[PDB]
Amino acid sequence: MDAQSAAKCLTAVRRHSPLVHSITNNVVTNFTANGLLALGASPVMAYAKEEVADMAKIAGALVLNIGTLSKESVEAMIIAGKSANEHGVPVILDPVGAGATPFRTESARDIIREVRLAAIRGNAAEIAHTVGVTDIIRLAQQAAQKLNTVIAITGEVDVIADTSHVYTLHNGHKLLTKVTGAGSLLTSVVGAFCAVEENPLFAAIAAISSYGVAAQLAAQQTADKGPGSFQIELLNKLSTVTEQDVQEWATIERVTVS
């Protein structure tokens, strides 16, 4: 899996314009929909228990985010997840805040036990707190082997590992940490890619790589204006990034282990 494969997956997301159903936090709804529209995908947000199962089945991908979770909303995520698995719709989870409060940790787990997930995307602390029922390259694998899915731990360096493989990504910019939704949007981007790419691990890597190179390009363009401009430039790049920009910038390293 390299730069060439990634770039090609980006073109397929644009060619099919995957409908991504997100049940996420109200701090990133607008950013997320705008990011997906820019990428070339079709976003849709639905949270009511009277329709999440109906919306998930006609979708290309379902993404769950607990950022500002509620009891009834968590209830809806699982309902939607079950409807999704029943129809072959890839499900991606973003364990926002897992470990911060007991409720988020419980909820993350709850969803993982009730929904066949295609991938989980979060920071190291969140993956660890979620998976740490008792007593990050090695963290990814163990988590991916245990939960049996694609574990994507993003940060200065991205660590994506699946049942038997491990990859590290080297793109993006530190400015991404100053924009709320950077992760929520990314997680949703991952869903858009899993919708057109049969291999989850490959979808994650491509989605994250495309996202990163887009962020670098926005970064240089943003010069030193600030967080506001960068945010705006990211939405622009997700649209202007080309299959080529990915090919010559994407840094994908297949980790050799045991």
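The first residue of the shown sequence is 1; numbering continues from there.
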{"property": "Between 113-121 and 157-165 (mean CA B-factor, as deposited), the higher", "result": "157-165"}
{"property": "Mean temperature factor over C-alpha atoms, higher-scoring stretch between 239-247 and 17-25", "result": "239-247"}
{"property": "Member of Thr68, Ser210, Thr32, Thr222 with the greatest C-alpha B factor (per the PDB record)", "result": "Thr222"}
{"property": "C-alpha B-factor winner, where the candidates are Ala182, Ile136, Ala100, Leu93", "result": "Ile136"}
{"property": "For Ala143, the third of its chain into which the C-alpha B factor falls", "result": "highest"}
{"property": "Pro200 CA temperature factor, ranked by third within the chain", "result": "highest"}
{"property": "Among modelled residues of the same chain, the CA temperature factor third for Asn171", "result": "highest"}
{"property": "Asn85 CA temperature factor, ranked by third within the chain", "result": "middle"}
{"property": "For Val131, the third of its chain into which the C-alpha B factor falls", "result": "highest"}
